[PDB]
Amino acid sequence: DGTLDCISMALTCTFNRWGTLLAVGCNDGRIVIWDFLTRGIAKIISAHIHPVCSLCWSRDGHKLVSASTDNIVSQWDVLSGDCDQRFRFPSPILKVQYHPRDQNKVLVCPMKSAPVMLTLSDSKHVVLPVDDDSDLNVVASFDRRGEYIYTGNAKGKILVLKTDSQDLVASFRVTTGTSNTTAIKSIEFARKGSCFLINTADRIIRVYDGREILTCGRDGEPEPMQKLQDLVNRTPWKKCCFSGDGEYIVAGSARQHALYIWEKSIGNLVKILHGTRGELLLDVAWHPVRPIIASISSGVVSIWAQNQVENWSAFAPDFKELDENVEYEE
């Protein structure tokens, strides 16, 4: 729908809180920050020697936290390019995430270890509790306010811990209807409200109200607000997330390079965006405050946007853009 020609070997991407900038982690170990206002590069960071597989913006928009494949986790100053701090873990890192209300805390999700929460100023840490003991593969997410941490393991068990104490305050196993378990591949929260979604190995996206889970308490059976799946092709989902307002959900099918978009409330498929057929889908993000979606496939970023009813059905004045490509400088 319009790809970015200035960025190559894209691997992961995330918007800042206002969606003026797009941080793009790349296969060459660089973070390239693209600017929605100038439609050009804002900042390049030489961040690793190994591919950048995970990024997260601090709430104040000044810091980036990244993870390599060398098991390094670094915090960057987006203005200066400087590395404020750097941690090396045993085993590789799936996910890094700032505490949403406190950028001194970051959550790390290692491959074979339990999840770890750090504080950057005092280089202290917590390893978080774990249910099946042989969890090994566990993913975790702060909730929208950062007062709880949700985890999911390979056996379909969701722990709800309180971020300060790490105390189990709610839990439930996610059901295949049958009774067989199903692995949790990711947990994502809406930017507005209390809803979150779970991507699972049975290829059904489950939408839950966070409060519905707290009420159900320890070892509950909360029922999903919504169950999203593709019953034609039974497609697996590479990545899912909410719209910034939280009432739509996009999920990327790598298998058929397409993005499905449902309504969260009612549940019906609203539309499917098809990219080229050669390419493999790597990442998807939804703009925090606009009907814009970013896609990475085969190292190319694609922006999908939606303008309102007008744009010439309204006989508006003409807009022309004159762009002056200049060389990136620090």
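Numbers follow the displayed sequence, beginning with 1.
Q: Averaging CA B factors per stretch from the PDB record, which one is higher: 223-231 or 236-244?
A: It is 223-231 that shows the higher mean C-alpha B-factor.
Q: Averaged over C-alpha atoms, is the B-factor higher for 283-291 or for 66-74 in this PDB entry?
A: 66-74 has the higher mean C-alpha B-factor.
Q: Maximum C-alpha temperature factor per the entry, among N199, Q97, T175, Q103, belongs to which one?
A: Comparing C-alpha B-factors across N199, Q97, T175, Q103, the top value belongs to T175.
Q: Can you pull the Cα B-factors for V130, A190, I249, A140 from the entry and say which is highest?
A: Highest C-alpha B-factor among the listed options: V130.
Q: Splitting the chain's C-alpha B-factors into thirds, which one does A314 fall into?
A: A314: CA B-factor falls in the highest third of its chain.
Q: Could you tell me which third, lowest, middle or highest, the C-alpha B-factor of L259 occupies within its chain?
A: Its C-alpha B-factor, which the entry lists for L259, ranks in the lowest third among residues of this chain.
Q: Looking at the entry's B-factor column for C-alpha atoms only, identify whether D323 ranks in the lowest, middle or highest third of its chain.
A: For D323, the deposited C-alpha B-factor lands in the lowest third.
Q: So where's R30 on the chain's Cα temperature factor ranking, which third?
A: For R30, the deposited C-alpha B-factor lands in the middle third.
Q: Is the Cα B-factor recorded for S297 in the lowest, middle or highest third of its chain?
A: As the PDB entry reports it, the C-alpha B-factor of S297 lands in the middle third of its chain.
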